[PDB]
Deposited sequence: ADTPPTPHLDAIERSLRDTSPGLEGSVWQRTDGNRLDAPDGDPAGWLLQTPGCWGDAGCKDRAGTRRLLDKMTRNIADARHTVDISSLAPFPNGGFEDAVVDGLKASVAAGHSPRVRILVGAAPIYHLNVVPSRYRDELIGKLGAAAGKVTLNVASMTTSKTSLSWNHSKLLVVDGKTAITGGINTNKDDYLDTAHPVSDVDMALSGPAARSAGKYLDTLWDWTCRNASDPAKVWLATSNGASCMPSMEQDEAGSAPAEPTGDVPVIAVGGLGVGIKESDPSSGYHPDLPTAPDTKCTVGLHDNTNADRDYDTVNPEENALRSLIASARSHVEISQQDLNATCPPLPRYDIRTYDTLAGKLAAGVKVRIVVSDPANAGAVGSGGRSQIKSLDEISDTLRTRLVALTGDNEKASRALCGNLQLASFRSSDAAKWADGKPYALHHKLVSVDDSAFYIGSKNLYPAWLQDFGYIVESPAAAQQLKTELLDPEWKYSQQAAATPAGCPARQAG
């Protein structure tokens, strides 16, 4: 069974970060999209999952999500490995963690647990690691004696604004849930305007790849606990820091297949963990589009730093995923552009790839979060279409061609999940997908936004016509059904 899209992505990863294979990216065969029997699309964990109701009254997505989390953890035999943006899991997210661990202990096991969160310097931490550890210990009751906690918040670079942003749940390095959903009850659960987001659940060797990525973050995190400005750390039962929990779990036996789904796991180290992959002969011709509505404040890692690329292969991975499209791409994101200063307004290579797809007659759909959330960094959808026009002209020298491609081949809109322009409680819909789909064959689900950001992130790229058909039916077709009523008409179009 052929995988032209993964092939193209793996080529780009081998060119960019050969030395990070086996830790920050890895391609595997034999995975299973982990769907509960009776619900074959249930591996797709969207939230809230209330299409067609501005009252978001029947939240099938959230239900399925929290119960997959609980069950995955309830089945832990050795290791539970959680990462997220701060705060530490709370509300129903925490109940999943505690019920799962208690059930694991009840089954006779002694789980080792790492919970890791990134924290922006701006962010003042309500529940600090030691406070959060004590709360878990209290809720674990008599099970706490059987649970080895590691709990940490981290910031790898204040000046370059790098901290963990990956959203991972890895159990026994065998099951893994990942996507854009942070363990924050207020965004997703206790609200009449839930954030729309998506995770995916799988089992098999790609889960171990996610474990190896987390080992890479905890190796840095454990050592840098000597600097409390960067890492705050709390453990239970007098336990040491556990930097290689997943490698110990894996031992030396290779990972065993659970299905037939090929997957690339791909992450990034952000800034302040590893300067470069010295293995790499990556020598890019980088593009210099002078953005004159904000001459970048900080050093531009997204567009003008070869070294950054070598320790963040996810950037090129997403670029080549898009570039491997031969028929159509759907992009569902919070945003394509970042706030400048201090970050660059956009990723030039990403926009050049999209522009190239338009010029080639490839269909491009971009659905982003409503600008009224500004949970949105553009003042207008036309900032996206104008940038695509600028790059189109830069690459073809043909503004007439640019208008045909842009008016004929571009679908650009703000996100909606019902016929109403906003949630029934008056707040606009907020979109937090980090999703890219190509040719109804391969798709990215993970934490890496397409807009410029220099964080640790992680995600999976699946190539499966059956799975992508499910993604289309359960998410992309519904998204367009309601979002096209908020479509932009770009300047220069009828």
Task: Sequence order list of spans that the model leaves without C-alpha positions, deposited numbering - done: 1-3, 378-384, 505-509
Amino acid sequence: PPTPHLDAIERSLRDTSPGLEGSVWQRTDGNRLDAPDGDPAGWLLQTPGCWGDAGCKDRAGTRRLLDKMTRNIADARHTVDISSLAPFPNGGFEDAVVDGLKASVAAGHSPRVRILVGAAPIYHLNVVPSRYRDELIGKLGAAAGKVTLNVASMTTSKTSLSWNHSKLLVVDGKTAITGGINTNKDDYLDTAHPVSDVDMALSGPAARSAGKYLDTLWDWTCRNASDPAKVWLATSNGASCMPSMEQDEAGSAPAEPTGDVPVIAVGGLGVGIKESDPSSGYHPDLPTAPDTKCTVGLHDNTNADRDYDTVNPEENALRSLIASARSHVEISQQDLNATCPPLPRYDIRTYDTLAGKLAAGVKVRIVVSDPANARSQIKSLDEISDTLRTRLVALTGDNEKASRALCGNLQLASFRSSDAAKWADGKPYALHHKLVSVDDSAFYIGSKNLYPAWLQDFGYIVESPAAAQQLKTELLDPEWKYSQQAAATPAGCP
From here on, numbers count along this sequence of modelled residues.
Open item on the list: Averaging CA B factors per stretch from the PDB record, which one is higher: 49-57 or 457-465?
Closed with: 49-57
TODO: For the higher mean C-alpha B factor in the entry, choose 333-341 or 165-173.
DONE: 333-341
TODO: By the entry's C-alpha temperature factors, tell me which of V364, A152, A103, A119 sits highest.
DONE: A119
Task: Per the PDB entry, maximal CA B factor within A96, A255, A323, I115 - done: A255
Task: CA B-factor placement of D425, once the chain's modelled residues are sorted into thirds - done: highest
Task: CA B-factor placement of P194, once the chain's modelled residues are sorted into thirds - done: middle
TODO: Quick one: classify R63 as lowest, middle or highest third of the chain based on its Cα B-factor.
DONE: highest
- [ ] Grab the CA temperature factor for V436 from the record and place it in the lowest, middle or highest third of its chain.
- [x] lowest
TODO: Going by the recorded CA B-factors, say which third of the chain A35 sits in, lowest, middle or highest.
DONE: highest
